[PDB]
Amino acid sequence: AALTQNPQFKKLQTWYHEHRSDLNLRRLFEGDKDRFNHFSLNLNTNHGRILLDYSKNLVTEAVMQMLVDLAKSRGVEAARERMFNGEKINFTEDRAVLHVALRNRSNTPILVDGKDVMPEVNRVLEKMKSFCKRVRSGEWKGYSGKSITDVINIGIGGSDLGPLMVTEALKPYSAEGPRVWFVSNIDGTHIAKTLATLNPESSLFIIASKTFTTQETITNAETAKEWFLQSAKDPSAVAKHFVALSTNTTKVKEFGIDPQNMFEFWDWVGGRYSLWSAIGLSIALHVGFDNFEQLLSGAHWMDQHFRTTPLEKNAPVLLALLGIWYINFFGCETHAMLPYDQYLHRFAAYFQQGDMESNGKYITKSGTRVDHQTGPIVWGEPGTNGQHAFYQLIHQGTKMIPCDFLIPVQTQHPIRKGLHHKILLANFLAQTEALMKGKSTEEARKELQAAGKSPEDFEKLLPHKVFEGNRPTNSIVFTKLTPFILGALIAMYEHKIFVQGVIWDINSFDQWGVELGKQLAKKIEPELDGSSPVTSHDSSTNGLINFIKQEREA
């Protein structure tokens, strides 16, 4: 019962059940003339600014205060220190959760079982630094004596989304770098379409697997290895073409990679929190190590803000709390992330793993089942595209959907005297104004009247033209999307998800839920082999397997 047994939690339920009607945005903006000023946060990293405007939420000062009391009372401050100090807060796996050590630029000693982890972090980083410089300069040559023109990452999940989202987002900083490719799906299409344009002489394969036993990754890695070896024919040619990002040295070695080509990381680095480690090799390689270092520093900035700022004015804490409000009180299943930035088109997708794999849990620290909601379904596409696809439902559908709107004030392509970004900004501001204010029958009526129509004509059309409004949103507006700020953005959401799991009392850092599917896939594999029918399962799985064998021959 943890959450629901909490006195501040219970106090919130009663207020909510009592004031819900009092929560109208339009009216809330009449009441407080500087609502904006009281519900916004200006952070200055000294490398640009981030405005967190949370004023368009169904919230009051009283609510915010009660939300902060819940966070204190549930041990957010202390949980937080346990994380930074290297304690084993991943309680089911008995692990430390230290993505924060990866970008610990100050090199404060962080101990895990007495041992400072930092000398190992800084070491792989220098290895990274020298390897990037060699590959980028052309010093690193391939087997026929050529320079690398193409970097190909092989990994799935955390070994995939981070790299890709970041390289897609930091595109402008990549001119002096080799091209990157990301092969992730076991679907043979993924590898086949990539390989069919590459030249093995100028290609570098990165096998990013924390365990180095993930089925799809290892079989994509073998397929590539076979493709390469048809050209190279000399097995030692593999050492100039393949590198590994893992924790398991023995497995790396058994795959044939030169131990000198292994960049390692640690069990305390979670997959969906790993872009900051050796897993980001493809980012640095593409955009330069210097920019990678800057990405890590932005995250270091946000780390420091998270750890030392009081909750009432703590960006990640505020975001976590607003989410709990909509999830455990208003009942909302989802949360949209809508970056008005084309380079950020994989952002939302990145947080689907980041939020959902972390917080889609139902067991408590006590081993008790939750009797309340946990993580939302996170989704979204970049604006303004989204506007022309699914906003109709956000404005006039039957569900409440809290949304995060994000945008840089300065664009990397100020074309046509900055006309494009101007229209982009104008739509970013108006969508939230419109989700807020809506439009009553009267306003629409007055418009139809003006458009010169006549009440008998428009009588049937009018209601379809009404917007109820009162829909909540956050607006996060930062100076420019550079590696520094992008680092601060990501780390902000990381701590958001963290605060949430603490209030919920779950484990944000394991993922036991992945297991059953993998167990069952292992038994189905050999069964697919003959043309003989299967009967060892439920009638559905059998029926499918059997239609498959019949059709494969068709």
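The first residue of the sequence shown is number 1, and the count goes up from there.
- Stretches 457 to 465 and 357 to 365 differ in mean C-alpha B factor, with the higher average recorded for 457 to 465.
- Between the stretches 288 to 296 and 208 to 216, it is 208 to 216 that shows the larger average CA temperature factor.
- Between the residues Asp303, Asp187, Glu176, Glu333, the entry's highest C-alpha temperature factor is the one at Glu176.
- As recorded in the entry, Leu229 carries the highest CA temperature factor of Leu435, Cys403, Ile283, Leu229.
- Per the PDB record, residue ranking by Cα B-factor puts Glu254 in the highest third of the chain.
- When all modelled residues of the chain are sorted by CA temperature factor, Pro526 is found within the highest third.
- Sort the modelled residues of the chain by CA B factor and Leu28 lands in the highest third.
- In the PDB entry, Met262 places in the highest third of its chain by CA B-factor.
- For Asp53, the recorded CA B-factor ranks within the lowest third of the chain. Only modelled residues enter the ranking.
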